[PDB]
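The next block holds one structure in the form of structure tokens; read it before the comments.
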Amino acid sequence: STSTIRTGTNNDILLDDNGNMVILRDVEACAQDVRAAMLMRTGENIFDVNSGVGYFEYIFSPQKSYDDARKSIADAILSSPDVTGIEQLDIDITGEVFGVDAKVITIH
Amino acid sequence: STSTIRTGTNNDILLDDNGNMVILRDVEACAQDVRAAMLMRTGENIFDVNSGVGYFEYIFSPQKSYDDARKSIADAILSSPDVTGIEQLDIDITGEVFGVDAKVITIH
Amino acid sequence: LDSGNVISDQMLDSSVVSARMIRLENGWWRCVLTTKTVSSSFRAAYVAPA
Amino acid sequence: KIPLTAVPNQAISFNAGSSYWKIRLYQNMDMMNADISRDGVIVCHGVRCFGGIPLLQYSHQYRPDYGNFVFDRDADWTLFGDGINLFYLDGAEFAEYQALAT
Amino acid sequence: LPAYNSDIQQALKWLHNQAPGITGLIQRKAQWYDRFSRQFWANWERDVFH
Amino acid sequence: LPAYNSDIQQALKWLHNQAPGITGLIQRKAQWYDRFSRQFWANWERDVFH
Amino acid sequence: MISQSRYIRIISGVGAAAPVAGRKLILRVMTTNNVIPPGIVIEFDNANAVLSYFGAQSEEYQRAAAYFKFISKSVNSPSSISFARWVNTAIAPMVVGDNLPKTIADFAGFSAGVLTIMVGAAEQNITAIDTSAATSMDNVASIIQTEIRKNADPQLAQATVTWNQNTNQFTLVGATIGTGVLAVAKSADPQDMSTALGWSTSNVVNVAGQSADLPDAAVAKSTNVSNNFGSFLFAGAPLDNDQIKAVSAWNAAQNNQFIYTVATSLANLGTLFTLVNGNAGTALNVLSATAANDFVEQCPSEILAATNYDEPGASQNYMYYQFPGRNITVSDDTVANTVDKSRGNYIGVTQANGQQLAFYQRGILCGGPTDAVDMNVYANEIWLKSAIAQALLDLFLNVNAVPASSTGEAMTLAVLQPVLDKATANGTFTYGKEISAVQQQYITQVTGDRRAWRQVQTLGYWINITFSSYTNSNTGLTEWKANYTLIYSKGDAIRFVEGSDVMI
Amino acid sequence: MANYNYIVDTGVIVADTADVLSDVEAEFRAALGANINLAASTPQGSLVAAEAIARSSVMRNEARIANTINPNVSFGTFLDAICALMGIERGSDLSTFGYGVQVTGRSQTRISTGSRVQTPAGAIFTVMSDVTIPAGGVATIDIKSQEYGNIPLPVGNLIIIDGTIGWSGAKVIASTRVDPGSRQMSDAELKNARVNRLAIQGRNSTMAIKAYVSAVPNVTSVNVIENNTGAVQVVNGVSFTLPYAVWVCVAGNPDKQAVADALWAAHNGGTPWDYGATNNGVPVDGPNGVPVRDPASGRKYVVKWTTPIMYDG
């Protein structure tokens with residue numbers, strides 16, 4: 001029920017050999033959208049403040065609980081037009097990296 | 001959301017070098033006002049009786065519980081235009097001095 | 001004398017108004033002093049090198 | 001006077017001077033702007049606001065016998081209700097005020 | 001029967017003892033009204049007395 | 001009193017850093033509007049400036 | 001009619017007032033300004049005090065103004081700063097003794113028989129000095145200078161005087177440079193200047209002439225005077241490589257006591273890194289040649305000074321802090337990689353064309369393989385060492401005797417318990433981290449007991465105390481000493497994030 | 001298709017950002033398909049945002065200058081509109097000085113931008129550094145913090161930011177004194193000046209004369225009449241075809257010159273001044289009242305006014 005324009009590993013429009021923009025159908029469009037949503041950060045969407053991932057306040061800064069970051073990421077994964085629910089979320093926080101893993105559910 | 005005129009360590013109007021009265025903005029005005037309110041004592045405010053601190057009835061006079069003094073001081077700290085709530089109150093009573101300590105909460 | 005600038009004038013009373021120097025030939029100059037004081041107790045005038 | 005509040009965009013309707021008025025106030029870049037309608041009929045659009053000068057400028061509209069509006073000072077939606085007021089004046093006093101202007 | 005005070009100096013309180021400024025201001029207002037509000041009436045009645 | 005920005009570049013979000021395409025497109029639109037919407041007004045004002 | 005303050009007293013005071021007792025982690029600046037005496041350190045609590053003491057034109061006022069205005073994630077401010085002098089060249093002996101506003105031109109009527117006594121190499125006295133005029137303090141200073149010049153002593157034959165105005169001191173200066181000692185004493189003459197003048201009365205700072213010295217010696221002497229600071233700094237002109245290397249070596253001589261922060265340019269990193277490999281405790285910062293300095297090197301010091309250690313959740317990261325005042329240095333991946341390989345710190349820009357993001361990026365710190373590299377670990381070790389030392393001294397000063405038996409070691413554990421509780425609540429210790437095989441072998445090698453790695457995995461620390469005997473070098477006798485070993489899991493902060501999502 | 005003709009006869013219309021945003025969303029949705037995703041993260045969402053901002057900004061800016069000829073406007077357009085008649089802007093000057101007085105120790109330099117204060121607490125800065133003569137006298141150059149038409153009292157100054165051993169910020173009347181203009185007329189007194197000028201031009205010859213003379217100090221009453229013919233109209237005006245028949249009363253005329261100055265302002269441009277019939281009011285002087293030449297780049301002119309005959313009742 002969704003659709004979007006394919007982009008490469010960098011966040012730019014990717015063109016095929018024929019030089020035609022391709023409109024991705026469902027499923028794959030959902031993957032593109034969720035990646036972009038998790039990468040979008042808070043405080044950037046003009047005309048909609050308080051949307052995005054609060055990285056600098058909830059993850060990078062020293063924190064007490066870390067539950068707030070989980071809630072923020074769960075909300076960011078949601079609000080996609082097609083995503084229904086979240087099955088898993090890990091938040092490894094092992095070693096130096098802040099590991100994150102998730103699997104979501106779509107209608108199709 | 002409050003304002004007042006600055007006064008010195010003694011409760012008189014203090015003027016700067018330029019000879020102009022200064023209208024303190026919030027926060028600092030709250031500190032000045034709460035100090036003045038705690039210093040007022042009850043019984044002398046015409047047009048509003050029963051407002052102030054009952055020193056001669058609740059502190060200096062021999063007493064049973066000392067809870068009444070705490071209640072009166074808490075009320076006096078309140079009724080300020082900006083003050084919201086009281087965080088701490090101590091009431092030490094060590095030696096001859098009657099220790100009092102408080103931390104106040106404002107909107108700003 | 002050589003440059004032609006009125007260096008210092010002083011106000012003890014309301015006396016002085018203006019002072020100026022005018023150029024003349026062969027190292028000669030003319031000094032003008034204007035004094036407009038409310039009082040009138042003129043007593044003496046002094047001139048000396050500095 | 002006209003009751004107001006401290007909001008960037010607002011519109012109120014009131015019945016004064018034996019006529020029906022509706023005024024919309026909004027901020028545009030730096031200066032404030034207004035839109036005035038009478039009896040369900042538009043009158044003027046996008047008039048600037050200044051202290052003392054009248055809102056209705058062109059000769060015909062402001063009155064054969066109606067009134068007009070004037071701000072005391074320059075408009076600012078953050079100072080409404082506190083030191084900034086808007087006043088309505090019917091024909092007689094507006095006429096004498098206009099004469100006093102020159 | 002209840003007493004009526006009607007005194008200007010009621011405004012001064014505990015908190016103003018070592019204050020020369022505000023106390024002086026209130027006191028000066030006090031004798032201003034004393035001179036021009038009540039002593040005036042006393043003189044007026046003593047003069048209107050035939 | 002509150003500031004009004006009114007800038008085209010605000011549309012760009014920093015998901016877009018290594019993108020030559022979309023950033024270039026937005027920027028080119030930006031100088032198009034800069035040339036034909038506001039510098040136009042400045043030149044017109046300076047010309048009608050008597 | 002008697003006063004409020006005799007019965008009721010309220011001190012009030014604005015919020016964010018946190019009384020504190022213990023070691024202070026505050027900036028110390030070594031300056032070449034003439035006003036500061038060589039042997040004294042000064043502590044300020046506000047930028048206004050620094051402004052009054054030094055003046056707006058001074059570099060130090062700018063540094064202090066930049067330093068004080070800073071807010072951490074938890075609202076906090078440095079709330080202190082210290083200063084010290086480094087003499088660059090040989091100086092003449094001098095004296096100074098006034099701090100209080102004594103100068104209101106009271107010299108009137110003091111002309112008759114001025115008999116100030118100057119205790120130089122040989123005792124000498126001054127003659128009568130006219131001060132009845134008292135026209136201006138600089139005039140009377142010049143008068144005193146002339147009367148001093150009237151003496152035939154080699155030091156006083158070319159002496160000078162100076163009076164500063166924003167601060168209130170009177171200063172003498174000797175003739176020769178690098179050698180000589182001066183002193184001043186009061187007398188029985190009722191109308192003497194020394195009693196009225198700053199010097200020869202109570203707290204008076206005296207200076208001995210002495211030659212130039214290396215900066216490391218100067219900082220060592222400053223520490224010997226007092227050591228209640230952290231992350232010292234040299235202001236003014238940049239220093240050459242050799243002096244910086246010497247200071248770094250001296251700092252490394254002490255074991256995790258302070259942080260050495262320096263400023264340098266991009267072209268200079270190739271030289272310094274080779275010279276200052278290892279030598280832990282030194283921070284390298286990149287400075288922009290084109291623009292103003294903006295005092296980039298102070299950032300770690302401000303971050304450290306803003307830290308509060310008593311409250312829980314204290315350990316903070318250094319990777320992401322924003323300084324709006326500072327400028328921007330690097331903007332490319334290649335230069336960033338080169339700088340990181342060179343172990344430098346900078347403020348890198350992530351974008352233009354919209355609201356900018358820049359932050360003090362690398363929290364790394366040059367040092368050898370064995371020592372900790374991250375800054376937060378260094379700060380935590382500093383605080384931990386201070387607390388442990390204070391606890392041990394409290395034990396020694398309170399109990400009458402510590403027997404060399406099991407009771408003594410039990411007492412030591414009992415005393416150290418609260419410090420470890422404070423540390424584990426603070427955040428310097430961590431629990432639950434995984435232990436690698438080589439790490440487990442290392443732990444078992446350090447302490448002879450096996451299964452301690454399980455302890456440090458679960459609780460995060462492991463302690464043990466034993467006592468033995470030894471002989472000291474100063475005296476042939478022998479005493480008893482106690483040895484402990486402490487192993488704990490280092491704290492960490494997030495630097496890089498890994499993610500992945502799968503549709504099903 | 002989705003365009004709104006937001007400029008109409010009544011004026012210009014401005015809509016809320018939500019409405020233009022929805023219209024742009026509808027445009028792109030029709031452009032690609034009903035199943036597109038329009039969020040900030042996706043590129044087409046960024047295109048939506050850019051288009052909406054551009055449209056709203058250009059439309060608001062165009063609405064900004066919709067009316068200019070009406071003298072309500074300001075900020076440059078109004079500046080030219082008023083300068084068409086008369087008007088000065090800028091006037092943003094601060095009084096730089098010369099010939100300062102400074103006494104201090106020998107062979108020292110005062111760093112630039114020192115701070116000095118006057119008794120009413122005005123802050124004055126210096127300009128350029130200079131050495132000090134061993135005598136103890138140098139000349140300084142000053143400037144102030146605020147760009148205002150400040151009035152500095154001639155009193156010995158006080159130093160705020162102090163160099164070493166440098167005292168006595170002192171005045172001398174040999175110092176050049178400058179009166180600085182300070183944004184004297186910003187936006188509203190310009191409109192007041194325009195009002196005053198249009199009031200000035202409104203009056204005719206006689207009304208202007210009586211209004212101006214009414215403003216003259218100590219003047220009690222004035223009478224003015226125009227013959228417009230060679231015959232008698234109220235009095236025997238047969239002197240010329242069209243003189244000014246003017247009579248002025250005063251309580252002494254303290255400013256004789258100013259009375260002519262007011263009259264000199266009011267002149268129609270083709271009618272002479274002289275009046276008399278050897279029986280009317282006695283003129284002050286025979287050939288002329290010796291006016292001023294011109295305050296503004298001009299030469300001499302002559303006028304003629306009379307005074308009434310005193311009586312006793």
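The way I read the labels, and the way they are meant: chains A, B, ... in the order of the structure tokens, residue 1 as the first residue of every chain, and ligand 1 as the first ligand shown, with later ones counted on from there.
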
Name the residues of chain F that come out as helix (DSSP H, G or I) in a backbone DSSP run; write them as JSON, numbers by chain.
{"F": [8, 9, 10, 11, 21, 22, 23, 24, 25, 26, 27, 28, 29, 30, 31, 32, 33, 34, 35, 36, 37, 38, 39, 40, 41, 42, 43, 44, 45, 46, 47, 48]}

Go ahead and align chain F to chain E (same sequence, so just pair every C-alpha in order, least squares) and export the moved chain as a short mmCIF file (atom, residue, chain, number, x, y, z; two decimals) with N, CA and C atoms, in the first residue's frame.
```
data_model
loop_
_atom_site.label_atom_id
_atom_site.label_comp_id
_atom_site.auth_asym_id
_atom_site.auth_seq_id
_atom_site.Cartn_x
_atom_site.Cartn_y
_atom_site.Cartn_z
N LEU F 1 -17.57 53.32 68.89
CA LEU F 1 -16.80 52.93 70.07
C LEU F 1 -15.42 52.34 69.76
N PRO F 2 -15.30 51.44 68.78
CA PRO F 2 -13.97 50.95 68.41
C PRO F 2 -13.08 52.09 67.94
N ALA F 3 -11.80 52.00 68.30
CA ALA F 3 -10.87 53.07 67.99
C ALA F 3 -10.54 53.10 66.51
N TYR F 4 -10.35 54.31 65.98
CA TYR F 4 -9.93 54.53 64.61
C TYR F 4 -8.58 55.24 64.64
N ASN F 5 -7.57 54.63 64.01
CA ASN F 5 -6.21 55.14 64.12
C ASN F 5 -5.89 56.18 63.05
N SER F 6 -5.98 55.79 61.78
CA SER F 6 -5.73 56.68 60.65
C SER F 6 -4.37 57.37 60.76
N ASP F 7 -3.32 56.56 60.72
CA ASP F 7 -1.96 57.06 60.83
C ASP F 7 -1.14 56.58 59.63
N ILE F 8 -0.32 57.49 59.10
CA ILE F 8 0.52 57.14 57.95
C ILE F 8 1.63 56.19 58.37
N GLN F 9 2.19 56.38 59.56
CA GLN F 9 3.36 55.62 59.97
C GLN F 9 3.08 54.13 60.08
N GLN F 10 1.81 53.73 60.15
CA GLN F 10 1.49 52.31 60.26
C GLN F 10 2.01 51.51 59.07
N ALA F 11 2.26 52.16 57.94
CA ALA F 11 2.79 51.45 56.78
C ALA F 11 4.17 50.87 57.07
N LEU F 12 4.95 51.53 57.91
CA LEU F 12 6.28 51.04 58.22
C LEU F 12 6.20 49.77 59.06
N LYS F 13 6.88 48.73 58.60
CA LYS F 13 7.00 47.47 59.31
C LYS F 13 8.45 47.29 59.73
N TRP F 14 8.67 46.45 60.73
CA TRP F 14 9.95 46.49 61.41
C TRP F 14 10.94 45.50 60.83
N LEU F 15 10.70 45.08 59.60
CA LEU F 15 11.78 44.76 58.69
C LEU F 15 12.66 45.98 58.45
N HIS F 16 12.13 47.18 58.69
CA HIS F 16 12.81 48.44 58.39
C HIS F 16 13.21 49.10 59.71
N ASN F 17 14.45 48.90 60.12
CA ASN F 17 15.00 49.61 61.27
C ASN F 17 16.24 50.41 60.93
N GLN F 18 17.19 49.81 60.23
CA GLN F 18 18.43 50.48 59.85
C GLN F 18 18.35 51.08 58.46
N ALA F 19 17.15 51.46 58.03
CA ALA F 19 16.95 52.00 56.70
C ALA F 19 16.79 53.51 56.80
N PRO F 20 17.76 54.30 56.35
CA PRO F 20 17.57 55.75 56.35
C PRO F 20 16.67 56.22 55.22
N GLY F 21 16.69 55.50 54.10
CA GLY F 21 16.00 55.95 52.91
C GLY F 21 14.50 55.83 52.95
N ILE F 22 13.99 54.60 52.99
CA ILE F 22 12.55 54.39 52.90
C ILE F 22 11.84 54.98 54.12
N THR F 23 12.44 54.83 55.31
CA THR F 23 11.84 55.42 56.50
C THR F 23 11.79 56.93 56.40
N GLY F 24 12.88 57.54 55.92
CA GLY F 24 12.88 58.98 55.75
C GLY F 24 11.82 59.44 54.76
N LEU F 25 11.66 58.70 53.66
CA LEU F 25 10.65 59.05 52.68
C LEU F 25 9.25 59.00 53.29
N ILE F 26 8.94 57.91 53.98
CA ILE F 26 7.62 57.78 54.59
C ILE F 26 7.39 58.88 55.62
N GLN F 27 8.40 59.15 56.45
CA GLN F 27 8.24 60.17 57.47
C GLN F 27 8.00 61.54 56.85
N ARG F 28 8.75 61.88 55.79
CA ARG F 28 8.58 63.17 55.15
C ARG F 28 7.19 63.32 54.56
N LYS F 29 6.69 62.25 53.93
CA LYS F 29 5.29 62.25 53.52
C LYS F 29 4.37 62.48 54.72
N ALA F 30 4.74 61.91 55.87
CA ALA F 30 3.90 62.04 57.05
C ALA F 30 3.78 63.49 57.49
N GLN F 31 4.90 64.21 57.61
CA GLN F 31 4.70 65.60 58.04
C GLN F 31 4.11 66.45 56.93
N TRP F 32 4.30 66.07 55.66
CA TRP F 32 3.59 66.79 54.60
C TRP F 32 2.09 66.72 54.82
N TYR F 33 1.57 65.51 55.00
CA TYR F 33 0.13 65.37 55.22
C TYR F 33 -0.29 65.99 56.55
N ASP F 34 0.57 65.93 57.57
CA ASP F 34 0.25 66.57 58.84
C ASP F 34 0.10 68.07 58.67
N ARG F 35 1.00 68.69 57.91
CA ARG F 35 0.97 70.14 57.74
C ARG F 35 -0.23 70.56 56.90
N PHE F 36 -0.46 69.89 55.78
CA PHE F 36 -1.40 70.40 54.80
C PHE F 36 -2.75 69.69 54.82
N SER F 37 -3.04 68.90 55.84
CA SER F 37 -4.35 68.26 55.85
C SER F 37 -5.13 68.46 57.14
N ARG F 38 -4.47 68.45 58.29
CA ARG F 38 -5.17 68.56 59.56
C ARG F 38 -4.85 69.83 60.34
N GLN F 39 -3.58 70.23 60.40
CA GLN F 39 -3.27 71.53 60.98
C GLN F 39 -3.92 72.64 60.18
N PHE F 40 -4.04 72.45 58.87
CA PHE F 40 -4.84 73.35 58.05
C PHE F 40 -6.26 73.45 58.58
N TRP F 41 -6.89 72.31 58.86
CA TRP F 41 -8.27 72.34 59.34
C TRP F 41 -8.36 73.01 60.70
N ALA F 42 -7.38 72.77 61.57
CA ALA F 42 -7.40 73.40 62.89
C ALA F 42 -7.30 74.92 62.76
N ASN F 43 -6.37 75.40 61.93
CA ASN F 43 -6.24 76.84 61.74
C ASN F 43 -7.50 77.43 61.11
N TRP F 44 -8.08 76.74 60.13
CA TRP F 44 -9.30 77.23 59.50
C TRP F 44 -10.44 77.31 60.50
N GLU F 45 -10.57 76.30 61.35
CA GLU F 45 -11.61 76.31 62.37
C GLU F 45 -11.40 77.45 63.36
N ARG F 46 -10.15 77.66 63.78
CA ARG F 46 -9.88 78.73 64.73
C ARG F 46 -10.08 80.10 64.11
N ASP F 47 -9.92 80.21 62.79
CA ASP F 47 -10.13 81.50 62.13
C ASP F 47 -11.62 81.76 61.91
N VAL F 48 -12.35 80.76 61.42
CA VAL F 48 -13.80 80.90 61.29
C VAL F 48 -14.47 80.92 62.66
N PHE F 49 -13.78 80.44 63.69
CA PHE F 49 -14.23 80.62 65.07
C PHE F 49 -14.45 82.10 65.34
N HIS F 50 -15.70 82.49 65.59
CA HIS F 50 -16.07 83.90 65.46
C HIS F 50 -15.46 84.76 66.55
#
```

Could you list the residues in chain H lying within 10 Å of chain A, using only C-alpha atoms, and format the result as a ChimeraX atom specification?
/H:17-18,21,32-44,46,49,53

Using only C-alpha atoms, which protein or nucleic acid residues come within 10 Å of residue 93 (chain G)? Drop anything in the same chain fewer than 6 positions from it, and give the result as a list in words.
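Non-adjacent residues within range: residues 155, 172, 173, 174, 175, 176, 177, 178, 179, 180, 181, 182, 183, 206, 207, 208, 209 and 210 of chain G.
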
Give the answer as one residue: which of A:64, A:78, A:71, A:84 has the shortest atom-to-atom distance to chain G, using only C-alpha atoms?
A:64

Excluding residue 168 (chain H) and any residue of its chain fewer than 4 positions from it, enumerate the residues within 7 Å of it, using only C-alpha atoms, and give them as a ChimeraX atom specification.
/H:102-103,157

Using C-alpha atoms, can you write the selected residues to a file as a PDB file, in the first residue's frame?
```pdb
ATOM      1  CA  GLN H 102      46.832  62.958  30.262  1.00  0.00           C
ATOM      2  CA  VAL H 103      49.551  63.087  32.925  1.00  0.00           C
ATOM      3  CA  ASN H 157      37.196  62.606  34.288  1.00  0.00           C
TER       4      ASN H 157
END
```

Near region 26-28 of chain D, within 7 Å and counting only C-alpha atoms, which residues show up once chain neighbours fewer than 4 positions away are dropped, as JSON, numbers by chain?
{"D": [8, 9, 10, 32, 33, 34], "H": [60]}

Compute the set of chain A residues within 7 Å of chain G, using only C-alpha atoms, and express it as a ChimeraX atom specification.
/A:31,60-62,64,96-105

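Secondary structure by DSSP on the backbone puts the following residues of region 242-273 of chain H in strand (DSSP E): residues 245, 246, 247, 248, 249 and 250 of chain H.
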
Could you tell me which residues of chain H sit within 12 Å of chain G when counting only C-alpha atoms, and give me the result as an NGL selection string?
:H and (103-106 or 110-115 or 136 or 158-168)

Residues from last step as file, N, CA and C atoms, as a short mmCIF file (atom, residue, chain, number, x, y, z; two decimals), in the first residue's frame:
```cif
data_model
loop_
_atom_site.label_atom_id
_atom_site.label_comp_id
_atom_site.auth_asym_id
_atom_site.auth_seq_id
_atom_site.Cartn_x
_atom_site.Cartn_y
_atom_site.Cartn_z
N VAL H 103 48.29 63.01 32.20
CA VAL H 103 49.55 63.09 32.92
C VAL H 103 49.81 61.74 33.59
N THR H 104 51.05 61.28 33.51
CA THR H 104 51.44 59.97 34.02
C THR H 104 52.96 59.91 34.06
N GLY H 105 53.49 58.72 34.33
CA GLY H 105 54.92 58.52 34.36
C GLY H 105 55.53 58.61 32.98
N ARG H 106 56.86 58.60 32.97
CA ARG H 106 57.63 58.80 31.75
C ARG H 106 57.76 57.51 30.94
N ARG H 110 49.85 54.00 26.53
CA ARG H 110 48.49 53.66 26.92
C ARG H 110 47.85 52.83 25.82
N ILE H 111 47.46 51.60 26.16
CA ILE H 111 46.87 50.72 25.17
C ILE H 111 45.55 51.31 24.68
N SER H 112 45.22 51.01 23.43
CA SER H 112 44.00 51.53 22.84
C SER H 112 42.77 51.00 23.57
N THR H 113 41.64 51.66 23.33
CA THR H 113 40.34 51.24 23.87
C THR H 113 40.35 51.17 25.40
N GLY H 114 40.98 52.14 26.04
CA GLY H 114 40.78 52.33 27.46
C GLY H 114 39.41 52.92 27.75
N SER H 115 38.99 52.81 29.01
CA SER H 115 37.66 53.23 29.42
C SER H 115 37.75 54.41 30.38
N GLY H 136 54.97 64.84 31.13
CA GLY H 136 53.69 64.40 31.66
C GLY H 136 52.51 65.06 30.98
N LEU H 158 37.14 60.41 35.26
CA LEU H 158 37.60 59.28 36.05
C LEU H 158 37.87 58.10 35.12
N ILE H 159 38.91 57.34 35.44
CA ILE H 159 39.37 56.23 34.61
C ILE H 159 38.74 54.94 35.13
N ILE H 160 38.12 54.18 34.23
CA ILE H 160 37.53 52.90 34.59
C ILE H 160 38.53 51.78 34.33
N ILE H 161 38.91 51.60 33.07
CA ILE H 161 39.95 50.65 32.70
C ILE H 161 41.29 51.38 32.78
N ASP H 162 42.14 50.95 33.70
CA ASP H 162 43.32 51.71 34.07
C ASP H 162 44.58 50.98 33.62
N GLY H 163 45.43 51.69 32.88
CA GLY H 163 46.78 51.24 32.65
C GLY H 163 47.65 51.53 33.85
N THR H 164 48.94 51.25 33.70
CA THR H 164 49.86 51.48 34.80
C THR H 164 50.14 52.96 34.97
N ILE H 165 50.05 53.42 36.23
CA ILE H 165 50.47 54.74 36.70
C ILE H 165 49.91 55.87 35.82
N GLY H 166 48.76 55.64 35.20
CA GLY H 166 48.17 56.67 34.36
C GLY H 166 46.90 57.27 34.93
N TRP H 167 46.93 58.55 35.27
CA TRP H 167 45.82 59.21 35.95
C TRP H 167 45.38 60.48 35.23
N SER H 168 44.42 61.15 35.86
CA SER H 168 43.99 62.51 35.52
C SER H 168 43.48 62.61 34.08
#
```

Go ahead and compute the interatomic distance for CA of residue 270 (chain H) and CA of residue 243 (chain H), in Å to one decimal.
9.9 Å

Mind pulling up the distance from CA of residue 170 (chain G) to CA of residue 199 (chain G)?
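It comes out at 8.0 Å.
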
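Comparing the minimum interatomic distances between chain H and each of D:35, D:65, D:96, D:90, counting only C-alpha atoms, we find that D:35 sits nearest.
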
Residue 74 (chain A) environment, 10 Å, only C-alpha atoms, sequence neighbours closer than 6 positions dropped, as a PDB file with N, CA and C atoms, in the first residue's frame:
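So the final result, stored in result-v6.pdb, reads:
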```pdb
ATOM      1  N   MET A  38      14.798   5.648  11.389  1.00  0.00           N
ATOM      2  CA  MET A  38      15.762   5.484  12.472  1.00  0.00           C
ATOM      3  C   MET A  38      16.981   6.373  12.300  1.00  0.00           C
ATOM      4  N   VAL A  53      14.674  10.432  16.508  1.00  0.00           N
ATOM      5  CA  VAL A  53      15.378   9.743  17.579  1.00  0.00           C
ATOM      6  C   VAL A  53      16.191  10.762  18.357  1.00  0.00           C
ATOM      7  N   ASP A  68      14.493   5.056  28.221  1.00  0.00           N
ATOM      8  CA  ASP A  68      13.978   6.149  27.408  1.00  0.00           C
ATOM      9  C   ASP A  68      14.444   6.031  25.965  1.00  0.00           C
ATOM     10  N   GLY A  85       3.575  -3.600  14.110  1.00  0.00           N
ATOM     11  CA  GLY A  85       4.091  -3.798  15.449  1.00  0.00           C
ATOM     12  C   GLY A  85       5.533  -4.253  15.424  1.00  0.00           C
ATOM     13  N   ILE A  86       6.145  -4.237  16.603  1.00  0.00           N
ATOM     14  CA  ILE A  86       7.548  -4.589  16.775  1.00  0.00           C
ATOM     15  C   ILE A  86       7.631  -5.923  17.495  1.00  0.00           C
ATOM     16  N   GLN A  88      10.893  -7.722  18.166  1.00  0.00           N
ATOM     17  CA  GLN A  88      12.073  -7.772  19.017  1.00  0.00           C
ATOM     18  C   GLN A  88      12.792  -6.431  19.052  1.00  0.00           C
ATOM     19  N   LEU A  89      13.477  -6.192  20.166  1.00  0.00           N
ATOM     20  CA  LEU A  89      14.398  -5.078  20.330  1.00  0.00           C
ATOM     21  C   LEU A  89      15.423  -5.486  21.376  1.00  0.00           C
ATOM     22  N   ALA A 102      16.378  -5.314  15.614  1.00  0.00           N
ATOM     23  CA  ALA A 102      14.926  -5.297  15.659  1.00  0.00           C
ATOM     24  C   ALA A 102      14.359  -6.078  14.485  1.00  0.00           C
TER      25      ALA A 102
END
```

Report, in Å to a single decimal, how far apart CA of residue 275 (chain G) and CA of residue 242 (chain G) are.
8.9 Å

Residues of chain H no more than 9 Å from chain F, counting only C-alpha atoms: send them over as a ChimeraX atom specification.
/H:40-41,43,45-51,53-54,56-58,61,76-77,80-81,84

Generate the output file for the selected residues, C-alpha atoms, as an mmCIF file, in the first residue's frame.
```cif
data_model
loop_
_atom_site.group_PDB
_atom_site.id
_atom_site.type_symbol
_atom_site.label_atom_id
_atom_site.label_comp_id
_atom_site.auth_asym_id
_atom_site.auth_seq_id
_atom_site.Cartn_x
_atom_site.Cartn_y
_atom_site.Cartn_z
ATOM 1 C CA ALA H 40 10.561 14.083 6.362
ATOM 2 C CA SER H 41 13.056 11.234 6.055
ATOM 3 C CA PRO H 43 13.613 12.415 -0.303
ATOM 4 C CA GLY H 45 9.210 14.535 1.638
ATOM 5 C CA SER H 46 12.201 16.865 1.593
ATOM 6 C CA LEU H 47 11.030 18.109 -1.800
ATOM 7 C CA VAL H 48 7.582 18.759 -0.320
ATOM 8 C CA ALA H 49 9.140 20.734 2.518
ATOM 9 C CA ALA H 50 11.320 22.793 0.180
ATOM 10 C CA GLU H 51 8.410 23.605 -2.122
ATOM 11 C CA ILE H 53 8.744 26.857 2.332
ATOM 12 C CA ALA H 54 9.516 28.494 -1.011
ATOM 13 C CA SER H 56 4.992 30.510 1.581
ATOM 14 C CA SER H 57 8.099 32.696 1.769
ATOM 15 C CA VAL H 58 7.700 34.270 -1.660
ATOM 16 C CA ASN H 61 7.345 38.666 0.908
ATOM 17 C CA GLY H 76 13.600 52.976 3.044
ATOM 18 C CA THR H 77 10.661 53.111 0.661
ATOM 19 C CA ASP H 80 12.581 58.071 -0.384
ATOM 20 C CA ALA H 81 8.888 58.986 -0.310
ATOM 21 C CA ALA H 84 11.032 63.626 -2.297
#
```
